[PDB]
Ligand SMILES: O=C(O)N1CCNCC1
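Just the one chain here, the form solved without the named molecule, laid out as structure tokens.
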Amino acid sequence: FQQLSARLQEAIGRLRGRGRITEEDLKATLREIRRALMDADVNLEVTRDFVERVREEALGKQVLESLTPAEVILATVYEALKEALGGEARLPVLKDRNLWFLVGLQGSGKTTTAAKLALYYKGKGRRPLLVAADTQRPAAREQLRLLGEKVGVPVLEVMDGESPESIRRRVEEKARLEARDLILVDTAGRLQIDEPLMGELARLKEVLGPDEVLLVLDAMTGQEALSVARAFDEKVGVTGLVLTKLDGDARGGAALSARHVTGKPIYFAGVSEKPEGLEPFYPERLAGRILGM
């Protein structure tokens, strides 16, 4: 979000040591914030509410009567950013037995996140099992098999054209025999939504009943990323989100509009291509970081 932070810390910086600014120094800065949000590809409705929330909250803080208005703005923009990102952190509820679907498009970081998610929980005392659920592309299963060997987590590859009921049986037996307590199913990912695959997807969810359905979204595809969320949600049912490639995220509209566009919380974030690159999402932390704090 290099760009956004830079210009945002600027607009704020453009107020220090000025004393009590008027409703014209303000009006100036707010638009600046609005333009910053736009050049970051933030949803236009989010951008509107955001700017409004800053006008509203700042006046409530008598910015016009403050002797340090830059600290008020910084403060309201901070909360506006924390809210937009999701507010307080959120992590799936870890039960005794967990079966989660990782869904998304090919290249979203979905296969890699399934293996990072496994690695993450393994270090948390969980006993995961990776499941490569693509019944049409051996290579896709193969990719997860290698990813799994590298993070030291077992991988079950479904068979070509294998039925959900079959998959269920095999996964549960391996889970049983290996005391797996966190099951991660990397579903089929394609360059674009496939109606038939969506059907096989919903069906698979129907047979296996995951407690969580996490949609993996590449943060670098801006506003587009979220347009794919409504389809998955509609035809399958998403419980949370994972925003990958935040470390390559120039701009940042995706992450900032996600909670508004999707209505789902971001549990995890991809912050490096490294195995440990995946971490729980902290809206508060990301907000403070954007404002340089």
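Start at 1 with the first residue shown and count on from there.
The same protein also exists as the form solved in complex with the named molecule; that form is not shown, yet it is the one meant from here on.
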Residue stretch of 75-83, 160-168, 198-206, 94-102 approaching the named molecule in the deposited bound form, non-hydrogen atom distance within 4.5 Å | 94-102
Partner-contacting position among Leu246, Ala254, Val63, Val236 - heavy atom within 4.5 Å of the named molecule in the deposited bound form = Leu246
Check whether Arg285 has any heavy atom within 4.5 Å of a heavy atom of the named molecule in the deposited bound form, and answer yes or no.
-> yes
Would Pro280 sit within 4.5 Å of the named molecule in the deposited bound form, counting heavy atoms only?
-> yes
Proximity of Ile21 to the named molecule in the deposited bound form, heavy atoms at 4.5 Å | no
Does the named molecule come within 4.5 Å of any heavy atom of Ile12 in the deposited bound form?
-> no
Heavy atom contacts to the named molecule in the deposited bound form at 4.5 Å, residues of 240-272 in sequence order = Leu246, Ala269, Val271
